[PDB]
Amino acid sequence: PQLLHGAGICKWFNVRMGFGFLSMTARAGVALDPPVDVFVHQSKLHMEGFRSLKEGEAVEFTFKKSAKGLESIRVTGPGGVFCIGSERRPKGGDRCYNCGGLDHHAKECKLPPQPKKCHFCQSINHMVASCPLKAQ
């Protein structure tokens, strides 16, 4: 078992340095409490243009053991959609509701309809009017 599936949120990310850590709250479908940190490098972020993650954004990902710890292979939003990125990202506040794509909107989305995800942090467990992250 070399390639594992993980889900969580971004713990922290430094845009300039190009890396940070994910907080894995579920490993291969099983809930982790406490969560386990997974290293993330910008090169592995599923996004349009310049890559970064914002603290607290919901992620789904594949990872592996590395000499330095746990390393993520590909990092997406829940259900394989794109990541949100840094609050300072250009066009970062005009994403399609379905995929997170900066190019269009949900009425023009040709991808299959996705489960509703938080307008602020992409969580599939809550909605923006109840977003613990936005409440900061």
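One rule holds for the numbers: they count along the sequence shown, beginning at 1.
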Of 87-95 vs 24-32, the stretch with the larger average CA B-factor in the entry is 87-95
Looking only at C-alpha temperature factors in the entry, 43-51 or 100-108, the higher average sits in 100-108
By its CA B factor, does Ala135 count among the lowest, middle or highest third of the modelled residues in the chain? highest
Check where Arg16 lands among this chain's C-alpha B-factors and tell me if it's the lowest, middle or highest third. highest
